[PDB]
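Below is one structure, written out as structure tokens; comments come after it.
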Amino acid sequence: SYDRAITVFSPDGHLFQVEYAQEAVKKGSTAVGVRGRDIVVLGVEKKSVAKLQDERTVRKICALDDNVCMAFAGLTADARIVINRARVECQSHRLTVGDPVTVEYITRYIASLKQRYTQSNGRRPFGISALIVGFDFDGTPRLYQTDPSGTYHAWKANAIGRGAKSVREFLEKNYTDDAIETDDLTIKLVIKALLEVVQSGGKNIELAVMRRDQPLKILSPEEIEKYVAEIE
Amino acid sequence: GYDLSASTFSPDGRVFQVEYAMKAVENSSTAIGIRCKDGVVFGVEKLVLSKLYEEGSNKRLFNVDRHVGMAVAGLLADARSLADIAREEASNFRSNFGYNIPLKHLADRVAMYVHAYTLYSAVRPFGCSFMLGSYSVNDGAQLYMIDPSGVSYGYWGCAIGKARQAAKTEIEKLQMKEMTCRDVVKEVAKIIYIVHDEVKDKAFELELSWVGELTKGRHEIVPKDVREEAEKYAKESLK
Amino acid sequence: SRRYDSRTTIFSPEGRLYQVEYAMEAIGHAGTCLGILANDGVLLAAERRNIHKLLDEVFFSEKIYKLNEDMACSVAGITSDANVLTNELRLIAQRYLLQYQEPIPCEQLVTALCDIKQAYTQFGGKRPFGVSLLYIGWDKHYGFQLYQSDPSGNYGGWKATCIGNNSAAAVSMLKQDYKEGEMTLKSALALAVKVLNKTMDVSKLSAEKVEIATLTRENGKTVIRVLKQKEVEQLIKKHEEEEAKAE
Amino acid sequence: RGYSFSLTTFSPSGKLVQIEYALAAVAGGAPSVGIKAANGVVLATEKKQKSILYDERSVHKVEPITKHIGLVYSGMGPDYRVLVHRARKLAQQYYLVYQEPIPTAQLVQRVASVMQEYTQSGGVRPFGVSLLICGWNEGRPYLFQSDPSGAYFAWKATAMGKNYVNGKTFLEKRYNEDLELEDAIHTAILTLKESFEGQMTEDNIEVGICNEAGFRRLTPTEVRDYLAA
Amino acid sequence: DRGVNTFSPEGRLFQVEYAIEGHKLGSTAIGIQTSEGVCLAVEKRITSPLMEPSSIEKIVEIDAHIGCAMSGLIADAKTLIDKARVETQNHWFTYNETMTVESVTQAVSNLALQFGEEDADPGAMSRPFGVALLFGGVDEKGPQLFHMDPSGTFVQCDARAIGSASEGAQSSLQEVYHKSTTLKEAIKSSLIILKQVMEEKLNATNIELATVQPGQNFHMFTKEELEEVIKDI
Amino acid sequence: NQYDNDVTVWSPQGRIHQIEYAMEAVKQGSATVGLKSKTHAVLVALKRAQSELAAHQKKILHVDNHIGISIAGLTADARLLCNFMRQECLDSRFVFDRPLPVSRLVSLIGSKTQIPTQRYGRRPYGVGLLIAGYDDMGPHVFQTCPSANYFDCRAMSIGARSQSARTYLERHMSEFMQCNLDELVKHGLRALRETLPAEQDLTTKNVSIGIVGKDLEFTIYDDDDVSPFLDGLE
Amino acid sequence: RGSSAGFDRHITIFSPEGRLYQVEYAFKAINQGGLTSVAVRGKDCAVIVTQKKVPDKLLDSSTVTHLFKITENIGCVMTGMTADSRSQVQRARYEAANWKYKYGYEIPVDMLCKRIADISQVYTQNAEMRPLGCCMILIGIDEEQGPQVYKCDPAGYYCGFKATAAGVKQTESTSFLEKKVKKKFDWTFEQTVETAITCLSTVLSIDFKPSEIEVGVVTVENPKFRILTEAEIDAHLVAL
Amino acid sequence: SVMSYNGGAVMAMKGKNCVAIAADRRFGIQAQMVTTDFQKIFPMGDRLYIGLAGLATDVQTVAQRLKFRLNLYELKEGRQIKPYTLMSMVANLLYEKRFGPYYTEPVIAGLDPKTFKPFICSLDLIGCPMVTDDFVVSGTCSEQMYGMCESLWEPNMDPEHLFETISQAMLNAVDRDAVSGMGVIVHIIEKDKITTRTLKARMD
């Protein structure tokens with residue numbers, strides 16, 4: 001058995017392993033999410049598609065349950081482990097209490113795992129950041145965000161990855177109860193919020209929307225293509 | 001970089017960790033032992049640091065079994081650990097085989113235990129050496145001495161401590177093979193008072209013990225009348 | 001003890017993983033391997049690295065390793081780790097078949113292996129495997145497929161990939177000669193031969209410096225068949241002829 | 001209770017220098033030679049004692065594993081003994097399960113798996129020895145070689161230890177595919193003779209053969225006749 | 001270089017000395033004990049106007065008569081909070097009565113220093129915690145307020161302040177406090193000092209406040225009552 | 001400069017710097033004083049001034065009906081040791097239906113404290129103690145050390161600046177035996193007054209007093225229960 | 001000569017030459033005690049001789065012995081570190097008893113030697129412990145072959161010999177014995193004690209007294225391991 | 001008894017360079033039939049079949065574990081298994097559960113992959129292999145098919161006469177058993193052919 005302290009304190013009370021994990025998550029592809037009136041949407045950037053892949057196998061937007069979905073930035077191999085553990089937890093909760101989970105319940109579970117890997121012997125921390133969205137039985141949309149340290153908040157709209165430093169300033173100024181009225185209004189909002197960070201031009205973006213019905217619907221390339229023309 | 005572990009030979013084939021655990025003993029106060037026809041006699045110069053302590057604290061003579069004594073030198077905590085191990089070894093032997101353990105067997109068992117701590121990086125060698133002593137109608141008196149490395153030899157008189165050099169030199173002029181315990185006890189008192197330094201250390205305590213035929217093979221502490229007389233004789237001899 | 005520890009599973013001051021970065025450069029210098037997907041099946045085509053005259057060709061192949069009745073792979077990097085990985089893949093496929101009484105899908109196989117590759121980078125103190133893999137297969141849901149893993153533990157589906165040595169230029173020339181949907185198995189073989197002919201520093205191929213396998217469906221059955229020296233020689237002759245004729 | 005971290009790691013260029021150093025250790029052993037003929041294999045070693053005091057009969061370098069397999073080595077003898085013991089155990093387990101003698105290829109695969117385990121566990125070094133395996137099953141002779149890393153090959157004629165480069169450079173020329181076992185022994189002996197720095201004797205070398213009837217090491221009385229020519 | 005357990009030439013335990021420095025980088029909290037109850041108050045320290053302020057919970061409830069306010073590593077504090085809840089429920093289950101603030105502080109302080117990297121446990125801590133706590137509540141002797149450190153030393157206070165501005169917050173609390181307060185003047189002064197030391201403007205959504213008193217349970221202030229109090233001040 | 005980190009490394013002089021540093025930790029604390037007479041033993045401690053608002057501390061704890069201790073050093077380690085001693089006395093009373101001798105208790109404590117000082121990746125308990133008890137043989141004032149050896153003494157003081165209290169103690173030890181309890185306690189409070197600087201005298205809330213004796217269990221005296229003892233110290 | 005890279009001289013890992021320096025240091029540890037042994041086997045006898053240098057005259061020299069008994073017909077002589085050698089003797093005794101318990105007959109000398117050698121090979125591989133700094137020599141009578149003489153070492157190498165010599169003066173003490181295996185089978189009769197004593201004395205110039213050596217014996221006439229008395233040793237010494 | 005709880009009857013017979021195996025189809029519980037298409041013969045190899053009788057759950061479990069191990073073996077080695085090797089592997093599998101055993105008695109019949117020499121064998125519940133040269137039986141009507149085979153068997157038979165004999169034996173054997181019947185399936189393993197047939201039996 002391997003029992004060593006990998007992440008330990010430092011002069012001035014820093015955790016260098018966690019700081020390095022965050023410096024790593026600061027290099028992924030940008031993700032953006034907003035919370036609508038009756039819809040929730042996410043959006044991820046594709047650095048390059050390479051003209052030879054199969055996009056069905058490199059998707060960064062999964063579905064943990066009927067009403068919960070997520071999108072990450074960082075390291076895909078770690079993201080996969082976290083996602084599968086969250087799926088098993090959702091099934092256990094359904095089995096024991098006879099009701100689908102809340103968004104905050106699964107956010108707490110994920111953050112607890114991430115924190116546990118910062119204080120155990122013989123482990124390094126996870127190198128991913130997640131954005132979790134969904135609806136509940138009340139009919140209230142939610143949007144959260146976790147960190148490699150185990151801390152999570154609730155936000156109106158947020159952006160993770162590289163270029164988030166400008167996506168956040170853009171979204172701060174432009175977010176208002178007017179761009180929220182309708183789905184084809186919020187979706188164009190998200191698209192123009194992502195486009196000024198995509199310096200390639202055009203659509204190198206994946207965009208998934210989730211409404212109270214027809215869950216985790218994913219916009220087709222042609223459909224997403226139409227919106228870009230409308231903006232211009 | 002070879003001074004930090006008991007798993008590293010020096011380029012010349014030495015183990016400096018054991019060599020240092022030996023210095024730990026090579027600067028501690030002296031204890032002697034003397035073998036006789038009838039029995040054995042232990043003697044230790046017990047140091048009294050300040051007035052505050054009660055006399056009787058930090059004893060260096062233990063009772064490992066009803067016929068085995070023991071005198072120690074070095075780190076007293078390690079010494080007490082070893083004394084518990086030895087008590088454990090003797091009791092198990094009696095419960096397995098139905099009679100008392102021979103001193104030769106006990107010393108062999110404890111030396112193996114001590115040597116097991118000289119091979120690994122996860123532990124450190126003990127920092128105390130000690131002497132044993134018994135008396136049995138079968139083999140008569142006996143005396144052994146174990147080192148921090150785990151070597152155990154038989155002796156006629158041993159002088160573990162800091163004044164080993166001066167202690168051994170004076171004990172060799174004794175003719176112990178013919179004396180008796182009553183005639184040896186006085187000699188132990190005298191030689192300890194001679195080897196004792198009265199400058200660095202100002203005050204010291206003296207305690208004695210013996211195991212022989214006069215105690216019917218049971219280890220004891222020398223009674224108070226014998227001790228007072230011994231001290232007086234030593235003082236008279238010293239001038 | 002702490003003095004002798006090498007700390008294989010820690011982050012770098014910039015968020016990197018140095019042991020994985022070094023295993024990737026190890027895999028950089030291995031023998032060239034390449035795969036190509038088509039309408040009626042997939043194909044692998046590796047390069048023979050040990051060409052000594054005094055060797056023996058007892059095995060039906062050198063870098064193929066049929067994993068199941070429907071799949072097969074190929075490796076680049078360290079043979080000793082490759083053997084461990086291949087044994088593990090076979091065991092995973094048989095456990096699936098025992099539980100469900102149906103063959104396993106290719107994506108599930110690749111996933112179950114990449115989990116093991118990832119668990120070697122997060123805890124344990126060991127070093128990671130220095131091996132990259134390519135897979136080919138056929139299942140009920142998606143038909144002919146072609147994947148690829150790497151030491152870190154992330155995979156991805158492709159249509160024409162390449163690992164090993166000079167894989168950069170291999171993929172560069174693959175991008176300009178592959179047309180989605182219209183490629184048949186014969187045009188696939190032609191392109192594979194003509195890519196291998198260049199991305200190898202030698203003057204020209206030898207039909208024994210290469211190793212070629214295919215995969216097809218015939219009469220409701222999968223057939224995995226390693227091509228023969230005469231067939232390869234004929235293909236090389238065909239390549240020699242047409243190329244010569246153009247100029 | 002033991003270390004849990006690896007002692008073999010990757011370098012900025014992707015090398016494993018502990019394995020490279022175990023190979024440098026192997027490159028300083030005694031010469032070994034194997035040659036596969038049309039109806040058998042031949043292993044021949046240099047068993048050169050330090051002085052006349054050493055009793056030659058007590059220790060052997062050519063050992064059997066089953067009734068049809070035998071091997072030699074180059075590198076470190078105390079490691080070679082561990083490998084020999086585990087190979088014997090592996091063969092016995094196979095026979096216990098299948099009631100059949102193990103084939104040479106399965107034997108080599110299991111041995112190389114053990115040697116590979118010693119490159120990635122915690123607190124150990126790799127073996128400093130390469131092997132040369134011999135066998136005969138289903139009417140065919142085999143000859144493999146195993147490295148300190150865990151990679152095995154298959155040959156027709158190879159050479160280990162000191163002066164292996166010139167050994168195989170000389171071995172390539174003479175080798176014929178129609179060679180009989182008795183005429184292959186001459187070439188094996190001759191190859192050893194190229195780099196011996198001394199005078200050949202019935203106690204300077206060891207020789208084992210394997211054909212249809214099983215494995216056995218030749219006796220000095222027979223090595224004498226073979227050396228007479 | 002060193003291990004986690006390693007004394008210094010002054011016998012100081014380097015890792016604990018660093019975990020203590022990890023607290024001068026948190027947001028200030030304040031507790032005050034009266035003859036009519038206790039009050040807790042903590043700054044929320046909002047980052048950007050897009051973050052929901054109802055999602056920063058730094059004052060939790062341990063039981064119907066005990067509450068807690070933390071500072072430091074909010075990710076670390078959650079295991080302590082959970083274990084305190086579980087211990088209180090066990091005590092109720094076994095003895096059919098409510099635990100005491102002293103017993104809860106003492107049981108929580110026994111998890112600190114329980115770290116190491118060899119022969120510790122199957123799954124054990126690898127470093128000390130980085131959270132300081134503040135317990136409040138009423139029991140068979142009245143309102144009480146305790147304080148906990150990462151070293152494991154717990155004291156009993158009547159007006160304590162923890163955080164990054166405490167060396168300035170106590171310099172005012174020692175002048176303001178007296179043994180003849182009421183909870184209302186306590187609340188007023190606890191708000192005045194916060195306003196004194198904070199960087200933003202003390203309005204009704206970037207602070208938090210709760211109170212326990214001998215009559216009622218643990219109760220949190222509302223954005224109605226809180227606003228009225230702030231406006232009244 | 002490479003022997004001062006691990007507890008399993010000897011120096012070229014045969015010393016253990018880690019054990020040393022763990023002792024220098026114990027010197028940081030506030031002073032304590034113990035002493036015994038013909039029939040009673042007594043502990044007196046000085047609760048340190050932490051701040052202008054906090055209740056001082058707990059420096060004297062019950063171990064059993066006849067045993068009580070007083071600590072100086074790491075309080076977490078101190079109460080970790082106190083729990084072990086309490087379980088020891090409870091186990092004793094369960095098996096033999098009688099109390100425990102203070103000497104055997106201190107033996108168990110020393111044997112337990114010694115083990116950490118020898119293994120890799122472990123550290124010594126950084127706390128010194130002072131035990132007081134009554135038994136068939138009368139009072140006892142044992143003292144322990146981070147290095148597991150313990151002592152037996154008529155009167156001992158541990159803590160910062162306790163050199164002056166130790167000098168006073170030996171200088172006046174000539175009469176501790178005959179003296180009465182009131183006389184005995186005052187001798188303790190004077191000695192404890194010695195270590196305080198010039199600007200401070202004993203008040204009524206920065207001192208604690210423990211007492212065990214022939215016909216009396218171990219008791220601790222609260223803030224204003226120590227008033228009958230400080231009335232005469234002029 | 002042989003370069004170094006990393007932790008080569010501190011743990012058992014390969015040097016840039018594949019040399020294992022940490023095992024070349026236990027050989028130097030062998031020469032720390034300052035003794036020398038010599039074993040010679042004859043046509044019907046095996047003999048051990050050992051220096052007996054006690055430091056000064058307060059020890060009970062009846063306890064300072066380098067000769068040990070493993071079973072009734074096997075004897076041994078150690079050289080190197082004393083406590084190490086005691087642990088190795090205990091291990092050999094346990095191995096020899098377990099063999100008889102398991103298989104019903106008495107263990108041979110070469111089998112016991114091989115067991116001790118593979119026990120030491122493990123210390124040469126794992127990094128948490130150190131090799132034992134001692135050598136070993138064994139003798140005994142094999143019912144099939146006759147006399148046998150074997151020797152291990154800290155590296156795990158366990159050859160068999162016609163006449164050995166271990167200790168501080170190993171090289172020259174073997175150079176002497178080299179010249180005498182030329183003819184007469186090195187005096188293959190019960191008086192190889194003469195050869196052993198002569199070889200021990202030639203390069204030490206002591207002309208030992210009747211009590212500065214120990215000798216042990218096994219014979220085909222009486223197989224058990226016997227330790228010859230002082231008088232017997234004196235008679236041989238007197239004849240010299 | 002437990003091995004009489006689902007019924008069943010298996011039979012193998014040897015000819016001149018040919019083997020034959022047969023079974024019945026009924027699947028039922030103590031005294032009531034459920035289906036009539038239960039499979040009791042499994043194709044372990046190109047010319048290597050195995051027939052299982054006894055408790056049906058254990059029939060299915062043992063068949064599945066055996067297929068597991070045989071797939072792994074043929075992937076690791078590189079060739080097909082021999083009839084003798086398969087028998088030893090099955091005996092080992094059954095003996096691993098010596099205490100708490102499977103309630104199933106297997107039967108093996110194949111052809112040597114290089115000499116085309118037949119092979120029949122049966123094992124007991126614990127793994128005792130007995131190889132014969134005429135025929136083996138297993139099931140609830142063992143005595144009936146013993147009486148039939150001893151009388152009807154001849155040496156060096158053709159595939160035609162072998163089929164006639166094994167069918168005529170199975171029919172009259174199961175016509176006198178209460179918990180066997182509902183039809184019989186016969187496999188004929190020749191050198192280059194494997195012919196399967198279904199006989200018309202009684203359905204009462």
Side-chain angles (χ1 to χ4, degrees), chain B residues 52, chain F residues 29-47 55-73 75 78-79 81-83 85-86 88-89 99-103 105-106 109 127-135 137-144 150-159 162 165-166 169 176-177 179-193 195-196 202-203 206-214 216 218-221 224-230 233:
Chain B
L52 299 169
Chain F
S30 58
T32 330
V33 154
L35 52 106
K36 81 191 193 92
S37 73
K38 280 205 169 186
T39 44
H40 293 97
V42 152
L43 303 155
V44 301
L46 163 89
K47 296 205 274 191
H56 283 273
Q57 254 307 92
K58 267 183 164 212
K59 274 176 73 71
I60 302 183
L61 330 166
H62 306 247
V63 176
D64 200 322
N65 255 319
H66 54 296
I67 313 182
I69 74 177
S70 96
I71 76 196
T75 35
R79 52 172 175 260
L81 283 167
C82 187
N83 283 321
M85 302 166 57
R86 278 157 167 168
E88 269 329 282
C89 301
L100 197 63
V102 191
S103 356
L105 180 63
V106 182
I109 294 168
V127 47
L129 294 197
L130 266 170
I131 313 191
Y134 195 87
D135 218 348
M137 306 200 306
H140 302 280
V141 201
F142 295 89
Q143 172 214 350
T144 89
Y150 58 95
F151 302 82
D152 197 350
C153 38
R154 291 183 188 178
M156 191 62 179
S157 92
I158 61 175
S162 126
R166 273 197 285 258
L169 282 186
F176 287 171
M177 290 301 169
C179 280
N180 199 358
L181 183 41
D182 307 17
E183 296 166 338
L184 179 50
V185 276
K186 289 198 175 184
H187 283 287
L189 298 164
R190 284 191 198 83
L192 186 58
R193 171 162 69 202
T195 127
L196 278 182
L202 292 166
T203 70
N206 56 337
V207 297
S208 326
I209 283 169
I211 295 178
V212 61
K214 192 27 179 148
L216 156 72
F218 191 83
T219 81
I220 320 191
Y221 283 85
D224 290 345
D225 281 336
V226 304
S227 122
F229 296 140
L230 278 88
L233 290 61

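So you know, we letter chains A, B, ... as the sequences are listed, proteins then strands, and number each from 1.
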If we ignore hydrogens and angles and just use 3.5 Å, is the side chain of [X] paired with the main-chain N or O of [Y] as donor and acceptor?
X: F/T39; Y: F/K214; result: no
X: F/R166; Y: F/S157; result: yes
X: F/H140; Y: F/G138; result: yes
X: F/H66; Y: F/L100; result: yes
X: F/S162; Y: F/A165; result: no

Is any side-chain heavy atom of [X] closer than 4.5 Å to a side-chain heavy atom of [Y]?
X: F/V42; Y: F/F176; answer: no
X: F/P99; Y: F/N65; answer: no
X: F/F218; Y: F/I60; answer: yes

Interatomic spacing from [atom1] in [X] to [atom2] in [Y] - rounded to 0.5 Å:
X: F/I131; Y: F/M85; atom1: CD1; atom2: CE; value: 4.5 Å
X: F/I158; Y: F/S70; atom1: CD1; atom2: OG; value: 6.0 Å
X: F/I211; Y: F/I220; atom1: CD1; atom2: CD1; value: 11.0 Å
X: F/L81; Y: F/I109; atom1: CG; atom2: CD1; value: 7.0 Å
X: F/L192; Y: F/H187; atom1: CG; atom2: NE2; value: 14.5 Å
X: F/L181; Y: F/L216; atom1: CG; atom2: CG; value: 8.0 Å

Checklist entry - Where do F/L129 and F/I71 land on the side chain to side chain contact (heavy atoms under 4.5 Å, CB included) test, with the steps shown first? => result CA-CA 5 Å; F/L129 294 197; F/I71 76 196; 3.9 Å; yes
Next on the checklist: Apply side chain to side chain contact (heavy atoms under 4.5 Å, CB included) to residues F/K59 and F/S30 and explain how you reach the verdict.
Outcome noted: CA-CA 10 Å; F/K59 274 176 73 71; F/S30 58; 3.4 Å; yes
Exercise: identify the closest heavy-atom pair between [X] and [Y]:
X: F/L184; Y: F/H40; value: CD2-O, 3.8 Å
X: F/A155; Y: B/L52; value: O-CD2, 3.2 Å
X: F/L169; Y: F/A191; value: CD2-CB, 4.1 Å
X: F/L35; Y: F/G188; value: CD2-CA, 4.0 Å
X: F/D64; Y: F/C89; value: OD2-CB, 3.2 Å
X: F/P139; Y: F/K38; value: CD-O, 4.0 Å

Checklist entry - Side chains of F/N206 and F/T203: donor-acceptor distance under 3.5 Å anywhere? => result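 The criterion, which ignores hydrogens and geometry beyond distance, is satisfied for F/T203 and F/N206.
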Item to check | Intermediate values then yes/no, side chain to side chain contact (heavy atoms under 4.5 Å, CB included), F/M156 and F/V141 | outcome: CA-CA 8 Å; F/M156 191 62 179; F/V141 201; 5.6 Å; no
Next on the checklist: Here's a test for you: under side chain to side chain contact (heavy atoms under 4.5 Å, CB included), which of F/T32, F/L196, F/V33 qualifies with F/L46?
Outcome noted: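 Checked F/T32, F/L196, F/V33 against F/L46; only one passes side chain to side chain contact (heavy atoms under 4.5 Å, CB included): F/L196.
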Next on the checklist: One pair to check against side chain to side chain contact (heavy atoms under 4.5 Å, CB included): F/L189 and F/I209. What are the steps and the verdict?
Outcome noted: CA-CA 9 Å; F/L189 298 164; F/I209 283 169; 4.2 Å; yes
